[PDB]
Amino acid sequence: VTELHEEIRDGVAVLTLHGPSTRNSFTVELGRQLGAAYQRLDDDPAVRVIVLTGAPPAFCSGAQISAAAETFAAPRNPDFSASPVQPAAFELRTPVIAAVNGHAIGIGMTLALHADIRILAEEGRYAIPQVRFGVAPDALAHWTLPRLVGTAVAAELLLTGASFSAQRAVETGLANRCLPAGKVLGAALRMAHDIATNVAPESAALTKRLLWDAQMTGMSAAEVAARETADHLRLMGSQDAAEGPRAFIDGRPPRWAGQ
Amino acid sequence: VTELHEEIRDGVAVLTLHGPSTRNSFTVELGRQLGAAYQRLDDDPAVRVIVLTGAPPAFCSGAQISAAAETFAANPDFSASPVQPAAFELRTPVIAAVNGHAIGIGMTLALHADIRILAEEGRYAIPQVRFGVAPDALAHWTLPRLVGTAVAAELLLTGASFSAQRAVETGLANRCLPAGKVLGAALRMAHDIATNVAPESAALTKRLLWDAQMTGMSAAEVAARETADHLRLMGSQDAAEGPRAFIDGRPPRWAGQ
Amino acid sequence: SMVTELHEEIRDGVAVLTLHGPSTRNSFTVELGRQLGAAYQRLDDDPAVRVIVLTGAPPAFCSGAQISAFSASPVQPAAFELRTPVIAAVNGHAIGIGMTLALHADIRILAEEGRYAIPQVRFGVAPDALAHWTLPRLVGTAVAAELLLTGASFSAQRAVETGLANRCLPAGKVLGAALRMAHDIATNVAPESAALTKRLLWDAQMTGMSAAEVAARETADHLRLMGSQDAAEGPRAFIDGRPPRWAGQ
Ligand SMILES: [K+]
Ligand SMILES: [K+]
Ligand SMILES: [K+]
Ligand SMILES: [K+]
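Residues numbered from 1 in each chain as written, not as in the entry; some residues may be left out. Chains lettered and ligands numbered in written order. Heavy atoms only, no water. Residues with missing side-chain atoms left out of burial classes, pairs and counts.

**Side note on empty space enclosed by the protein**
Residue and element names in this part refer to chain A. Put simply, the largest cavity is a space of about 50 Å³. If you go around the largest cavity, the residues you meet are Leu17, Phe26, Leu30, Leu34, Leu52, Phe59, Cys60, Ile107, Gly108, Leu111 and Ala112. Listing elements by their share of the lining of the largest cavity, those giving two or more residues are helix 1 (28–43), strand 4 (58–60) and helix 2 (107–112). Tallying contributions element by element places helix 2 first for the lining of the largest cavity, with 4 residues. Classifying every residue of the lining of the largest cavity gives 10 nonpolar, 1 polar and no charged. (1 Å grid on protein atoms, 1.4 Å probe; cavity = no way out; pocket = protein on both sides within 12 Å on 5 of 7 lines; lining within 4 Å. Points joined across faces, edges and corners; volume = space filled by probe spheres on them. Helix = DSSP H or I, 4+ residues; strand = E, 2+ residues; numbered from the N terminus. Nonpolar A, V, L, I, M, F, W, Y, C, P; charged D, E, K, R; others polar.)

If you want it as structure tokens, here you go:
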């Protein structure tokens, strides 16, 4: 069993993948719980940011290989899905930061690719090696990965299943930052608390949803430009648009109301 | 109020955001002037490249925070895209010589250019969400197409500052240089295009590159447009002159089309 | 009258195609393009071929089109339309269509010393072989616009830093590195796993599939693979601590 732990404090929810005996291996039940937690936390107005992390020393070692030799495609309803976490982090209004504190392999990595922002441990092993086991990348990696690193880096990681370093993840655009493992979660939390304190709630929600809706649906430039205008009318019609500059000029923290 | 200055010499037009008392702050009226200049310079056959830059020591500090209260105290034609046409809609190449600080819309408008050279000493940020508004001037569309979704999400959702070096490392900028060298490097690049790149070749290439991004053209549609553009170009004078001039090691004498 | 020749060698699951034209630094012609497209199709269809490596007769990869004093896509099918992985071992100079055809490969390994450029606009023509589409999907729109609108030379190091290339190495090491990568795929990656992964990655780019459509195909491809012997063999080999033996190989 890998459990999902949850703690909410001062506007930041931390979800921890907790399976010490298996380096937090992914399971079907863990995927069900993670999707349910994403939805509930997204809906909770008190939650400004979600941080996803693993019980040290790993983030998520992915599918249990020794336990996956006879996972036949049995006919059933509901059927199997290659997207075992729904909703995906990129479907939420709430920003999601993956504090990848150690090894992230297979679906451990492809689920981390759903987050807006990734901070990776320098000491971690990272790979998407599904094709070396006779299956294929999952959880939308065929779509998320080229949108980070371009098609060549994506093809190399998906077609060879090769391991890559935290440093190469930053160099190629997969990850935002790399740090020693013991510093990763703290950096993610500092970033999360800065969003919770200093970024307006509706500003974050509309910006995240336009960024990702445009990717998900293939919006044209004209369609994105029109939605920025419509989102601006929504934001400028709320007092938070006056509070941001007022608080800055006063030298005080903003008192966000949201809408 | 920041003015727009314009100088055209030897096929290169330089537009300067000139507001020395405010780090070249942006206003809607400046945006209107910039869009109008883009359109006129695009239509001017003598202009091969447009370079956009700021009066030192800044590129453009964006919307003044100090001016926000007056704005929200007071338009049916409001747009989050206050510069139209965008640089990426033109036939004419646009280089942003980002000679210093570029903040907010100062940065998002710079993202419209084909090429960015950034000052190593500059402060760069898109901090709109920290002020209760959101990224503007198509940043939700231009930025992931430069740096990928993760760097884009970090810059847009946190509003954090970033260095010129990080801009180059991630794909936002083409080059970084000390501030006082940025404009000169942009001008050398602009004059190389004006001298050595055929006018219709630049126009068709820029428009296919950007039209395909703007409208999500399929690979098949892009391939068909390349074929059409080639048939247009191969039957023109400049397709003969380019190789002829190269074989002589002389500057080409372009006619355009 | 000699031409750039297309040579082919298949050994241990890896096909090497060589652009062999040392008299012209392996220049490209429409006829070479026809031969390359035909070889890509045949090798894709050959079950014995796990990976195709494209390379040039030293010291060049491909000097591009001849200059003098119909389709802009002269290689069909393109490498990215195949089921079979394609690695371009860009062992030297790749200019013009020499570079834009290299951009069709899944993976590029570039010689550190080589000159690279897409200089068509400097010759009164324009980028070709889908460079307007492949290039921004590697390096972003700014690096793409710079390379296409200036036509200027760029380095292998810059190619790796921007995402155009996967690795850069001294010229004399490039083919060896591509072959080691190819043989690792042939040995350690299941055939249908590579085919479906390649086709979904590229089809989604070619036709602008929505995220929902990509997710649905991942599920359908997983159902296909879970119904295949290689999905049993991968875990079984791992548990045994032995190399996998893929079906029909
Ligand atoms: K929430
Ligand atoms: K013009
Ligand atoms: K084959
Ligand atoms: K990069």
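That covers the picture; the talk isn't over yet.
**Details of the interface of chain B and chain C**
On the chain C side, the residues contacting the 43 residues of chain B number 36 residues. Top contributing element to the side of chain B that touches chain C by residue count: helix 9 (residues 219–234) of chain B, with 9 residues. Tallied by class, residues from the side of chain B that touches chain C come to 24 nonpolar, 10 polar and 9 charged. (Contact = heavy atoms within 4.5 Å.)

**As for the coordination of the potassium ion (ligand 4)**
The protein atoms that coordinate the potassium ion (ligand 4) are A:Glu171 (O), B:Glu169 (O) and C:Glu161 (O), at distances spanning 2.8 to 2.9 Å. With A:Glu171 in helix 5 (residues 166–172) and C:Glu161 in helix 5 (residues 156–162), this residue pair bridges two chains. Residue A:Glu171 is classed as partly exposed on the basis of its relative accessible area, which comes to 46%. Given the relative accessible area of 46%, C:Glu161 is considered partly exposed. (Donors = N, O, S within 2.8 Å, 3.2 Å for Na, K, Ca; no water. Buried < 20%, exposed > 50% of the residue type's maximum accessible area, 1.4 Å probe, protein only.)

**With respect to the interface of chain C and chain A**
Counting residues at the interface gives 45 residues for chain C, matched by 42 residues for chain A. Here chain C packs against chain A, burying approximately 3600 Å² in sum over the two surfaces, 65% of which is carbon and sulfur. For the pair chain C and chain A, the number of links is 2 salt bridges. Seen at the junction of chain C and chain A, the total is 15 residue pairs in polar contact. Those elements giving two or more residues to the side of chain C that touches chain A turn out to be strand 6 (107–111), helix 4 (136–150), helix 6 (171–188), helix 7 (191–207), helix 8 (211–226) and helix 9 (229–240) of chain C. When residues of the side of chain C that touches chain A are assigned to their parent elements, the largest contribution, 9 residues, is made by helix 8 of chain C. (Buried area = accessible area lost by both parts, 1.4 Å probe. Salt bridge = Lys/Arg side-chain N within 4 Å of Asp/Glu carboxyl O. Polar contact = N/O pair within 3.5 Å; in protein donor to acceptor, adjacent residues only side chain to side chain.)

Keep in mind these numbers describe shape, not what the thing actually does.
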